[PDB]
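What follows is each chain in one-letter form.
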Amino acid sequence: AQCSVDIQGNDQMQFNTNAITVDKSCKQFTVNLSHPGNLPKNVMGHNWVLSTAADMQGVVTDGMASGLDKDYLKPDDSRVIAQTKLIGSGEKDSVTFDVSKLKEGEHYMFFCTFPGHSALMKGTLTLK
Ligand SMILES: Cc1ccnc2c1ccc1c(C)ccnc12
Ligand SMILES: [Cu+2]
C-alpha cells in the first residue's frame, strides 16, 4: 500500500530507478524528485516527465527545441500526462496526477527531457 515514490537524479545522468509501479487502488499518484548532485541545472538538470512510450521521442525532441527557459518542455504538451519542473543541485519538486489518466494495456514511460538525458534517464511506469 502506497501512492507515492521518491526518485533521485544525479550528476552521472542517472535516475535511481528504471521502473515505477502504481497501485490500481490509488486515486492519485505522487512522484517526489530530488537532485543530490552538485552540478547546476544548465549542465545536469533533471525533470521527471510521463507520457506513453509512443509519445516519448516527440516530447523529448520538442522539449529540447523549447529550451532551458521552458524546462526543456513544450508548453501545454497534450502528450505529457505529468511533469515536474527542471531542477538542479540540491533542488526538489513533486508532481501528483490522476491514476485515471493511465489505461491498462498501454505502455507508459517516465524520463528526463534535458538534452541527451533520456538515453539513460528513462523507465517504465505501470499500473498493476
Ligand atoms: C518491450 C516491449 C515493447 C512493447 N510492448 C511490450 C514490451 C514488453 C512486454 C510487453 C507485454 C508483456 C505486454 C504487452 N506489450 C509488451
Ligand atoms: Cu536529466
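Basis of the calculations
- Residues numbered from 1 in each chain as written, not as in the entry; some residues may be left out.
- Chains lettered and ligands numbered in written order.
- Heavy atoms only, no water.
- Disulfide = S-S within 2.5 Å.
- UniProt positions renumbered as here; feature names shortened; annotations may be inferred.
- Helix = DSSP H or I, 4+ residues; strand = E, 2+ residues; numbered from the N terminus.
- Buried < 20%, exposed > 50% of the residue type's maximum accessible area, 1.4 Å probe, protein only.
- Donors = N, O, S within 2.8 Å, 3.2 Å for Na, K, Ca; no water.
- Tetrahedral: all angles 85-135°; square planar, octahedral: opposite > 155°, others 65-115°.

X-ray crystallography is the method the PDB entry lists for this structure, together with a resolution of 1.80 Å.

(A) Quick look at the UniProt feature "disulfide bond" in the chain. Of the UniProt disulfides, the one joining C3 and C26 is intact in these coordinates, the sulfur pair sitting 2.0 Å apart. Taken as a pair, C3 in the segment before β1 (4-8) and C26 in the loop between β2 (19-21) and β3 (28-34) lie far apart in primary sequence, 23 residues in all. When its relative accessible area of 5% is taken as the criterion, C26 is described as buried.

(B) Expanded view of the coordination of the copper ion (ligand 2). Taken together, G45 (O), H46 (ND1), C112 (SG) and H117 (ND1) make up the full set of protein donors to the copper ion (ligand 2), lying 2.0 to 2.7 Å away. For the copper ion (ligand 2), the four donor atoms in the first shell make angles of 79 to 133° at the metal, so the coordination geometry reads as irregular. The sequence pattern describing where the donors of the copper ion (ligand 2) fall on their chain is G-H-x65-C-x4-H. Note that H46 is positioned in the loop between α1 (41-44) and β4 (49-52) and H117 in the loop between β7 (108-111) and β8 (122-126), a separation of 71 residues in sequence. Take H46: its relative accessible area is 0%, and that puts it in the buried class. Note on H117: relative accessible area 3%, which makes it buried.

(C) Spotlight on unusual backbone geometry. With a phi close to 55°, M13 is a non-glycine residue in the positive phi region. Along the chain, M13 falls in the loop between β1 and β2. Under the relative-accessibility criterion, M13 is labelled buried at 14%. Notably, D76 is not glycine yet its phi reads approximately 45°, a positive angle. Following the sequence through the fold, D76 ends up in the loop between α2 (56-66) and β5 (82-83). For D76, a relative accessible area of 83% corresponds to the exposed category.

(D) Examining the state of the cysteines more closely. Applying the stated criterion across every chain, the model contains one disulfide. Paired by a disulfide, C3 and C26 hold their sulfur atoms 2.0 Å apart. Disulfide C3 to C26: torsion about the S-S bond roughly -90°, handedness left-handed.

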